[PDB]
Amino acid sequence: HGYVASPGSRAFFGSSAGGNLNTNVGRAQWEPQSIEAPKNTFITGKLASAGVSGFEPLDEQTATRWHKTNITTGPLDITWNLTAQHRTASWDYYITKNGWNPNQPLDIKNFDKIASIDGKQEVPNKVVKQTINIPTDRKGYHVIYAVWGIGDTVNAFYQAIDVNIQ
C-alpha cells in the first residue's frame, strides 16, 4: 500500500494530507494508498480507480475536474509514500500523448511509457524518491500513470497524477 505524494496523485489530493484539493473521491479521501489491482489491469475509463470498489469517483475525466500540479518538461522528481512496504518488482511510469483528449475516458493506448525502474525484488523504504523525464512535446494538462509492481504478489498499485506542464 502506497501513493504518490509529490506531485500529489489524484487520490492523494483527495485526502487531508493532500489538502483536499480534490473533492468527492470516495475511498481516496481516507486511503489513497489502497488502489491495488492485478498487474496489467488497464481498463479504459477505469485507470484512476484501477476498477477497485469505492474508488469509482476518481474515474471522471474532464479538463477541469481535478487539481493539477504545475510542472515543467524535463526531469521530474516523484515521491511515493508507502503505508505498507512490500517486496517490489518494478516501478513504471506512463504519460498521455501530445494531442490526447482530456474530456474522454482514460485509455492506456493514449499514453507512452516514459520510465521503468527495476525494484530488484527488494523491500523499499517508506519514502521512495525517483526521477523521471517528462518529454518536451508535452504541454498543458497531462496525466502521469505511476504503477508500483509488487514482487511477491500478482498485484500492483496504480496512481493517476494530474499535471499542468508549462
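We number the residues from 1 along the sequence you see.
Judged by mean Cα B factor in the deposited record, 117-125 ranks above the other of 42-50 and 117-125. By the numbers in the PDB entry, the CA B factor is greatest at 103 among 29, 34, 136, 103. Taking the deposited Cα B-factors for 147, 150, 17, 144, the highest one is held by 17. In this PDB entry, the Cα temperature factor of residue 73 sits in the top third of its chain's modelled residues, the highest group. Per the deposited record, the Cα B-factor of residue 85 falls in the highest third when ranked against the other modelled residues of its chain. In the PDB entry, residue 22 places in the middle third of its chain by CA B-factor. Residue 166: CA B factor lies in the highest third for its chain, per the PDB record.
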